[PDB]
Protein chains: 2
Amino acid sequence: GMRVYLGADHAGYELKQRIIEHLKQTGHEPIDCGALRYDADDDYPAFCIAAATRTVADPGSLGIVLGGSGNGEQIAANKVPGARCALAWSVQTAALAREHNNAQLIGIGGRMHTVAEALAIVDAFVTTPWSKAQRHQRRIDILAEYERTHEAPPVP
Amino acid sequence: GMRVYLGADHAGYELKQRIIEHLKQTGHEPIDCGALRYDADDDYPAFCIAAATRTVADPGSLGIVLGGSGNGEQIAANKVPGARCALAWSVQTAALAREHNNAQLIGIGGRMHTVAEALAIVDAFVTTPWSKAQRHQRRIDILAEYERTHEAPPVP
Ligand SMILES: O=P(O)(O)OC[C@H]1O[C@H](O)[C@H](O)[C@H](O)[C@@H]1O
Ligand SMILES: O=P(O)(O)OC[C@H]1O[C@H](O)[C@H](O)[C@H](O)[C@@H]1O
């Protein structure tokens, strides 16, 4: 049972609703950060930042951000200090986001997948463990340090 | 002809050399930020931060970050202030990254695509114009302001 913060704009809104239901039915705890209704002109960054901020503030939780293409949503989420947001476009990439990047969040482009495909991605994301492998941790650490100082690490 | 800053770790290294060749042959200006050799144990963040930093520092340029899965690489690039790095997993997502997100960078997962698929992704990214549509600019602006102030925009 994972806690999962969900954020979506209008383009991800109906998929977000289906994912909430799916997560409830599969033993997890979805928390809706908005949008709480369909507003055709609404702007994804607020909801992505909301979901990412909550996820980083609640260590051990996960987050999913949803819009049309997934890319703006993950870009926005990655601007939150400490957040690592992968773009999940397949079951394999959702799994690797957890296993290699210890990604707390994924973005999913609601316009790029059928509901069934999207729910399979969600499943992979919420069930795949972080490997804790030394090299993966080292790379996350290097990034975390860069976030702290904004000093670009040297290239060999 | 675009200027394109390229970064890669060992997993994206061979694909990078291939993309450099392709960009030269198609009238563009690639600039290699490393890795300059195959090193099986090397760490993607420095190469991605390097490419993203150079790209943001040179308005009008684009950048491409390359690794195994693409996701760690775009996460790293997105930590650079002002950088918008999309995960390009298809010709469509490469195109929309430019059209909708005015993304200066894409990440590509070398282990996820054939060379021919990757090069078609590259072509879409370096030839698709930014739309400049009001709503897309507004969202990019909202994100830039969050980046500047870390004041999370309010959610309805
Ligand atoms: O405003 P519309 O619905 O056309 O587009 C909204 C979408 O724009 C871009 O594609 C963003 O990456 C994001 O996915 C957002 O959901
Ligand atoms: O160290 P190895 O080669 O197993 O993996 C390296 C890869 O790790 C992760 O997948 C990152 O997202 C990135 O794609 C990197 O290139």
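To find a chain, count down the sequence lines: A is the first, B the second, and so on, and within it residues start at 1. Both backbone and side-chain heavy atoms feed into the values below; hydrogens, waters and symmetry mates do not. All ligand and atom numbering here is 1-based and tracks the order in the structure.
Scanning the protein heavy atoms around atom 8 (O) of ligand 1, the nearest turns out to be B:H100 ND1, 3.8 Å. Among protein heavy atoms, atom 3 (O) of ligand 2 sits closest to B:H10 NE2, 2.6 Å. Scanning the protein heavy atoms around atom 5 (O) of ligand 1, the nearest turns out to be A:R111 NH1, 3.3 Å. Closest protein heavy atom to atom 12 (O) of ligand 1: A:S69 OG, 2.8 Å. Nearest non-hydrogen protein atom to atom 16 (O) of ligand 1 is A:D9 OD2, 2.6 Å.
At a 4.0 Å cut-off, not a single heavy atom of A:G109 sits close enough to ligand 1 to count as contact. Using a 4.0 Å heavy-atom cutoff, B:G110 is absent from the residues neighbouring ligand 2.
The shortest N or O to N or O distance between B:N71 and ligand 2 is not below 3.5 Å. Close N/O approach between B:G68 and ligand 2 is found [any backbone or side-chain N/O within under 3.5 Å]. Residue B:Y44 places no N or O, backbone or side chain, under 3.5 Å from any N or O of ligand 2. When only interatomic distances are considered, the shortest N/O to N/O separation between A:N101 and ligand 2 falls below 3.5 Å.
Listed by atom number, the atoms of ligand 2 under 4.0 Å from B:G72 heavy atoms are 12 (O). Close contacts between ligand 2 and B:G70 involve ligand atoms 14 (O) [criterion: under 4.0 Å to a heavy atom]. Atoms of ligand 2 lying under 4.0 Å from at least one heavy atom of B:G67, given by number and element, are 14 (O), 16 (O). Per-residue contacts place B:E73 under 4.0 angstrom from the following atoms of ligand 2 (heavy atoms of the residue considered): 11 (C), 12 (O), 13 (C), 14 (O). Atoms of ligand 2 lying under 4.0 Å from any heavy atom of B:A11, numbered from 1 in the order shown and given with element: 16 (O).
Within the 4.5 Å cutoff, the side chain of A:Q137 has no heavy atoms near those of the A:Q134 side chain. Proximity of A:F47 to A:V65: side-chain heavy atoms (C-beta onward) are nowhere separated by under 4.5 Å.
Between B:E145 and B:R148 there is a salt bridge, since at least one side-chain N of the basic residue sits less than 4.0 Å from a carboxylate O of the acidic one. Using a 4.0 Å cut-off between a side-chain N of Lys or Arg and a carboxylate O of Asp or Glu, B:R18 and B:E21 qualify as a salt bridge.
With A:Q74, B:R139, B:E99 as candidates, the residue nearest to atom 6 (C) of ligand 1 on a non-hydrogen basis is B:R139. Taking all heavy atoms of A:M112, B:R135, B:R84 into account, the minimum distance to atom 4 (O) of ligand 1 is reached by B:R135.
Within a 6.0 Å sphere centred on CD of B:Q17, other residues, nucleotides and ligands contribute more than 12 heavy atoms.
Checking B:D43, B:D42, B:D41 one by one against B:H10, the side chain to side chain contact (heavy atoms under 4.5 Å, CB included) holds for a single residue, B:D42.
Note: B:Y146 and B:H150 have tilted aromatic rings, judged against thresholds of 30 and 60 degrees for the angle between ring planes.
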Chi angles and distances behind the side-chain contact (heavy atoms from CB on, under 4.5 Å) call for B:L96, A:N71: CA-CA 9 Å; B:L96 291 167; A:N71 266 314; over 6 Å; no

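In this structure a side-chain-to-backbone donor-acceptor pair under 3.5 Å is present from B:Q104 to B:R84.
Once rounded to the nearest 0.5 Å, the distance linking CD1 of A:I142 with CD1 of B:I49 reads 8.5 Å. The distance from the NZ atom of B:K132 to the CG atom of B:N102 is 10.5 Å, given to the nearest 0.5 Å.
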